[PDB]
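Here is the structure we will look at.
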Amino acid sequence: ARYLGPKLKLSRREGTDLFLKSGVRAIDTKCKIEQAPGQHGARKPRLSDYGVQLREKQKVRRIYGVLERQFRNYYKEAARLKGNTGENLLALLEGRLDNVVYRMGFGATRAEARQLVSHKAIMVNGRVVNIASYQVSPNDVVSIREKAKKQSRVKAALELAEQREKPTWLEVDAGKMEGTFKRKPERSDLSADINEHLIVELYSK
Amino acid sequence: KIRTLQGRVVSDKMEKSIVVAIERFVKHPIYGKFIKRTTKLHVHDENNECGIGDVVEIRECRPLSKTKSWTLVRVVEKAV
Amino acid sequence: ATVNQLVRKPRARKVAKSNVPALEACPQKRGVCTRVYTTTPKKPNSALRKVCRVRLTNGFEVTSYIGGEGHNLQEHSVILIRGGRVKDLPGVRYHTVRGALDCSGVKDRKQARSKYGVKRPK
Amino acid sequence: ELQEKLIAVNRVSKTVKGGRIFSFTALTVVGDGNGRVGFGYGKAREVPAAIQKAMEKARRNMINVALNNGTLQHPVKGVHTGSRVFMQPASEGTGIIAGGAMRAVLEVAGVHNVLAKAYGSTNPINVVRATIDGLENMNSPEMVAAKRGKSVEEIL
Amino acid sequence: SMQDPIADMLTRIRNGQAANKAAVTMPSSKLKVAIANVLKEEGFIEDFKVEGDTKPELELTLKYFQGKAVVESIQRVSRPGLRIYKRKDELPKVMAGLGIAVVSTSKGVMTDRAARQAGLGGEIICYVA
Amino acid sequence: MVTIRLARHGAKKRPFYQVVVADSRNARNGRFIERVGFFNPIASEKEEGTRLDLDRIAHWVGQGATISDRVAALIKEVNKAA
RNA sequence: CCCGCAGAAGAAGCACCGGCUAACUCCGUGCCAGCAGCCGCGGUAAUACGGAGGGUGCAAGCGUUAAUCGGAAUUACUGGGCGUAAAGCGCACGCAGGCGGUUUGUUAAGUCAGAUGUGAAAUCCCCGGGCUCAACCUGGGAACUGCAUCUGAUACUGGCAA
RNA sequence: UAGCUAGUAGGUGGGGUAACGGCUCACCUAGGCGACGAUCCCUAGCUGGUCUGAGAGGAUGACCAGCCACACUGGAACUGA
Ligand SMILES: [Mg+2]
Ligand SMILES: [Mg+2]
Ligand SMILES: [Mg+2]
Ligand SMILES: [Mg+2]
Ligand SMILES: [Mg+2]
Ligand SMILES: [Mg+2]
Ligand SMILES: [Mg+2]
Ligand SMILES: [Mg+2]
Ligand SMILES: [Mg+2]
Ligand SMILES: [Mg+2]
Ligand SMILES: [Mg+2]
Ligand SMILES: [Mg+2]
Ligand SMILES: [Mg+2]
Ligand SMILES: [Mg+2]
Ligand SMILES: [Mg+2]
Ligand SMILES: [Mg+2]
Ligand SMILES: [Mg+2]
Ligand SMILES: [Mg+2]
Ligand SMILES: [Mg+2]
Ligand SMILES: [Mg+2]
Ligand SMILES: [Mg+2]
Ligand SMILES: [Mg+2]
Ligand SMILES: [Mg+2]
Ligand SMILES: [Mg+2]
Ligand SMILES: [Mg+2]
Ligand SMILES: [Mg+2]
Ligand SMILES: [Mg+2]
Ligand SMILES: [Mg+2]
Ligand SMILES: [Mg+2]
Ligand SMILES: [Mg+2]
């Protein structure tokens, strides 16, 4: 299920920074971010239309940690749902519980947040939720249970999150170690470098 | 008010019985053309009053023979 | 073209026959090797391609290509055949399944092992 | 400001007394995104010269297209040598769903949401020309109201 | 033989617009006058005039805007070989509502938008774009 | 004869009964005349769980329809609670 | 289902990398061995045959075969054609059949509008609810493009009369 | 596959069925079906639905539900609502 290989390899192949590491050190210092991975990394082949569409889809999937079947189901639900298809797809991926935990700051990486969620450190409305793909609803309180409140990695992740740029659609209390999911993140709140048209076209072949 | 159909008398040779075409103007399922389709019915008529080529109003009834389950109600436009 | 003509006579769908009629809508079928031999390929290329005349369980006698380097097959050897033609071999429309009943996997293969019935090396 | 993309490069021959003389043809499309789109076709002995000639020709001979909020105003058909083309004003968010050359032409033109399909021949040169012609033969509500001597509210 | 006079009328309009003729004349009929009235109301023609007593001639005055024909395309839809009838919910929108569709309804010949507003269908005579 | 009974529906270990009037000879989940309610044995709190159309049930009983023991208990519960 | 114990401890594979099609180099072999869905590849520098390294795509699955629809507007009703690419009977007359210049009246068959009955439940779709999520289950609606009967409209088509 | 059909088509009367009826019998009439495809041959359980398709369509009828047919093969009745 989960990708268990080197993460900077994915970052180099994609080209951009996927935030696959905690971010204490520069990714340029941790790896040759410019060069592609492999024996023929220095060469930069010209990508075709299908190549760039596939590249964009892979970027989103690698960022969020979602395999093809689950991602395809997300697209199907987004297309079914009313409104803009790409915006709905991004909204669902944001709605994922592990993404929510990472955004609030109870995890250095999304993998670390997923680790906590799987190991039963997360309570949603006073209910211990175990699935990373759990869709968080608006006006949901998400809190760290007392068993995991003693973990030092949570505090370190909170400091890293304080370093990062804060999301407007969440309200997190670090002392209580709990955040409320105020609303679905708008497309303006989400990152601009991500392109949705390519994903929509690729899955609408 | 009772359900009834009008039609032309195709044949009246068998005694007390007539054949009544009830051609209907249906539309084709696929191509959308309106096609004239025909429905021959054996109709029971006492006194053998009907001739060929006339027009007759008929109603459904309990079966009177192997193929005869319709009865005449009134003859209209019986010119020759 | 005219709707009146179409009403009189509709359009009759062009029934496309299958190119592997011996399988009879089955994924694979069992047979007995009547003869094992080699044949010369068609014009632009050259080789000695290994083929088997096989009597199928449903009476049909077909010719089937033997993929991979080397084979242990011989006469009176039960094999499993699947669809797929070799193009530059006239009248050969079926492949033998390597790693099937009385058919050994290709020796010393490290890639496409699943296609050639080769078990994982340690 | 002008976004440009190369659709196809094709190798052609002349077959002269000595031997065969090869040369390259470049089909390009440029556009401003805001509605102006223009195609160019060039030819040279070498690929870079052909592409540059095509770019110059495409930069010239542009045409304005009436765009409604980044999409078409009504379903439009377009025809040429072999290419028969249909395009539909799809809703916002669907993206440009078109095949190859039509995708390139519409993307540089600036239409973000359409449902298109290319019937008949799909030869890149003819389909580009047919798509541009179809875009040209597309009037706006203001244009139809003016020509018919009515207000936009009467036309709706 | 002449089978459909309405198609002849539409063909005359189309050929006249193509040939840049100012007016087109044809043997007048009641249905033709109704269709001409709808066209004039929608503004695809400048005026119409029926002239004569025994065998009247309908004369339409074609309309031009900037050297191009106002009637870009005009297509017959219902025809003797294939009649077309639509219900009020299935009435088509010509050119996404910019063009008009002439529909003969129980309350006379009217445009598709007017028929939709009334809330009843009828026989779709022709599309005008 | 005509009777009001439960038809089992749902998933394994999570039954959900449809209260239906049907000819007794027909199969449990088979042909039925009318669906006059539902019963959820595993319904959680803040859920009605039971819903019986009492008017239709009374009409069928007047017509001469028998009632299974479980449906009778459900009717008793509904009338008692309401 | 919950609580406690221990220790990263017990848990990754398959296909592909010449173009179509995302992913390349070296070595072995020399029209042989072999590959192949199509185009093709191999005769001594093979990114296409085998091995290796690297990479790409899916993932407790991954490939191959069989089968249906799609792409195929390649049976074209929506939605094709017939001078030369396949396609106008050698030519005419003509029954059945298809189509019908113009005006008025009448009928209400086709057509349109409304209403009533029915179109089982499940399935599909919309708004919700319950399984920690999902699959799954479930409440209500919508839909079931239909058929029948009744009441109206009379522009067009049909019938009848002039 | 272009002609098919003598209980065949209709009528009168008796008999039979829980019930109408060539359902059966006697007599009388010479009809009935068919190019809007009768007859004959090959294949096939039907539907709600399923898959695919933008749609129209195309393919299909496993599981669930409704209906029909069959119970080693070919006949027959008895008991019984
Ligand atoms: Mg073609
Ligand atoms: Mg490539
Ligand atoms: Mg290979
Ligand atoms: Mg070499
Ligand atoms: Mg190789
Ligand atoms: Mg296949
Ligand atoms: Mg088709
Ligand atoms: Mg053609
Ligand atoms: Mg010739
Ligand atoms: Mg020819
Ligand atoms: Mg001739
Ligand atoms: Mg007339
Ligand atoms: Mg006539
Ligand atoms: Mg009527
Ligand atoms: Mg239903
Ligand atoms: Mg829920
Ligand atoms: Mg439901
Ligand atoms: Mg009339
Ligand atoms: Mg009349
Ligand atoms: Mg008798
Ligand atoms: Mg008697
Ligand atoms: Mg009978
Ligand atoms: Mg059978
Ligand atoms: Mg299609
Ligand atoms: Mg069928
Ligand atoms: Mg079975
Ligand atoms: Mg047996
Ligand atoms: Mg028996
Ligand atoms: Mg008994
Ligand atoms: Mg008895």
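Note that these values count all heavy atoms, side chains included, but never hydrogens, waters or copies made by symmetry. Chain letters run A, B, ... following the sequence lines, proteins first, then strands; residues in each count from 1.
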Provide, to the nearest angstrom, the distance between the [atom1] atom belonging to [X] and the [atom2] atom belonging to [N].
X	N	atom1	atom2	answer
B:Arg24	G:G110	CZ	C1'	14 Å
D:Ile97	G:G70	CD1	P	20 Å
E:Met2	G:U102	CE	P	9 Å
C:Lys43	G:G40	NZ	P	15 Å
D:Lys117	G:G70	NZ	P	13 Å
E:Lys30	G:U102	NZ	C1'	9 Å
E:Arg79	G:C99	CZ	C1'	11 Å

Can you give one letter per nucleotide of nucleotides 31-43 of chain H, going 5' to 3': B for a protein heavy atom under 4.0 Å from the base, S for sugar-phosphate only, - for none?
SSSS-B-------
Once base and sugar-phosphate atoms are separated, protein heavy atoms under 4.0 Å mark nucleotides 53-67 of chain H, 5' to 3', with B, S and - as ------------SSS
Determine whether F:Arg25 and F:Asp23 satisfy the following criterion, salt bridge (charged side-chain N to carboxylate O under 4.0 Å, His left out), listing intermediate values before the conclusion.
CA-CA 6 Å; F:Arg25 285 171 296 183; F:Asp23 171 49; 3.3 Å; yes
Taking [M] first: does it form a Watson-Crick or wobble pair with [N], both atom distances below 3.5 Å?
N	M	result
G:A15	G:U56	yes
G:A92	G:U118	no
G:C82	G:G30	no
H:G7	H:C42	no

Pairing nucleotide - [N], Watson-Crick or G-U, each distance under 3.5 Å:
N	value
G:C77	none
H:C4	H:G32
H:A65	H:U47
H:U12	H:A26
G:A23	none
G:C131	none
G:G158	G:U107

Going by the glycosidic torsion and a 90 degree boundary from 0, is the base of [N] oriented syn or anti?
N	value
G:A67	anti
G:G79	anti
G:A113	anti

Applying side-chain hydrogen bond (donor to acceptor under 3.5 Å, both in side chains) as the test, list every pair that has at least one member in residues 4-23 of chain C; sequence neighbours left out.
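Sorted result for residues 4-23 of chain C: empty, none.
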With nearest nucleotides of RNA chain G determined for A:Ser133 and A:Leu54 from heavy-atom distances, which residue corresponds to the more 5′ nucleotide?
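It is A:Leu54 whose nearest nucleotide is closer to the 5' end.
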Nearest-nucleotide check on RNA chain G, C:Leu48 vs C:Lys14; residue mapping nearer the 5' end is C:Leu48
Each nucleotide N or O in nucleotides 23-26 of chain G that has a protein N or O under 3.5 Å away: list the pair and distance.
from, atom 1, to, atom 2, distance (Å)
G:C24, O2, A:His40, NE2, 3.2
G:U25, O4', A:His40, NE2, 3.1
G:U25, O2', A:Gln39, OE1, 3.4

Quote, to the nearest angstrom, the [atom1] distance that separates [N] from [M].
N	M	atom1	answer
G:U151	G:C144	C1'	26 Å
G:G98	G:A85	P	38 Å
H:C40	G:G88	P	39 Å
G:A12	G:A60	P	13 Å

With the threshold set at 4.0 Å, does a side-chain nitrogen-carboxylate oxygen contact exist between A:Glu56 and A:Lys59?
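Judged by the 4.0 Å cut-off on N to carboxylate O distance, A:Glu56 and A:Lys59 do form a salt bridge.
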Heavy-atom count around C:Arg30 CZ within 6.0 Å, excluding the residue itself: above 12?
no
Compute the ring centroids of C:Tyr65 and C:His95, then answer whether they are less than 6.0 Å apart.
yes
Could you tell me whether the sugar of G:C150 is north or south, judging only by the sign of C1'-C2'-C3'-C4'?
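Sugar pucker of G:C150 - north, given that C1'-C2'-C3'-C4' is above zero.
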On the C1'-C2'-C3'-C4' criterion (positive north, negative south), the furanose of G:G114 is north
Heavy atoms, side chains only, cut-off 4.5 Å: are C:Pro21 and C:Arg93 in contact?
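The answer is yes; the side chains approach within 4.5 Å.
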Under 5.0 Å from side-chain atoms of C:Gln111 - which groove:
major
Short N/O separations, protein against nucleotides 126-129 of chain G, under 3.5 angstrom:
from, atom 1, to, atom 2, distance (Å)
G:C126, OP1, A:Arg80, NH1, 2.7
G:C126, OP2, A:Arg80, NH1, 3.4
G:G129, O2', F:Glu47, OE2, 3.0

Just N and O in the side chain of C:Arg11: are any of them under 4.0 Å from OP1 or OP2 of G:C77?
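True: C:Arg11 side-chain N/O within range (under 4.0 Å) of G:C77 OP1/OP2.
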base_contact_polar (G:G34 base, C:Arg49 side chain, donor-acceptor, <3.5 Å):
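Present.
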Show the distances under 3.5 angstrom between N or O atoms of the protein and N or O atoms of nucleotides 137-142 of chain G.
from, atom 1, to, atom 2, distance (Å)
G:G139, OP1, F:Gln18, OE1, 3.1
G:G139, OP1, F:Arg35, NH2, 2.6
G:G140, OP1, F:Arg35, NH1, 2.9

